[PDB]
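Numbering of the sequence shown is given in the entry's author numbering, commencing with residue 119 and proceeding in unit increments.
Some notes on the structure that comes next.
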Amino acid sequence: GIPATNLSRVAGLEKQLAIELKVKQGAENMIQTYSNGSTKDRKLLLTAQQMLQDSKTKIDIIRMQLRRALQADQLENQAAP
């Protein structure tokens with residue numbers, strides 16, 4: 119998964135982030151819309167709330183993985199004993 123033509127590792131991590139935005143942003147859009155007046159569904163309201171909580175949690179997890187990816191690839195001098 120070298121950061122070059124391969125784009126194997128980059129594509130995997132990048133796509134994951136994209137999916138998160140779709141679900142997270144999607145949930146937020148629904149929550150705000152409900153407050154407006156149109157839908158204002160109570161059952162749906164809570165449902166979206168749960169969606170956002172789970173979605174955001176996974177995002178932070180993936181972010182950590184990214185940083186870890188760069189650390190491993192970099193190595194920096196001799197590997198620590």
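C-beta atoms are modelled at their ideal positions from N, C-alpha and C, and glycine is treated no differently.
### Query
Taking the alpha-carbon positions, what's the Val-141 to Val-128 distance?
The straight-line gap from Cα to Cα measures roughly 21 Å.
#### Entry: Three-state secondary structure (DSSP) of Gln-143
helix
### Task
Taking the CB atoms as reference points, tell me whether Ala-166 and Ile-180 lie closer together than 7 Å.
Going by C-beta atoms, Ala-166 is not nearer than 7 Å to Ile-180.
### Task
Output the distance between the C-alpha atoms of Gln-192 and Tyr-152, rounded to the nearest integer angstrom.
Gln-192 and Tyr-152 have their alpha carbons spaced roughly 47 Å apart.
#### Entry: C-beta atoms of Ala-187 and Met-169 nearer than 7 Å
No, Cβ-Cβ distance for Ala-187 and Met-169 is not below 7 Å.
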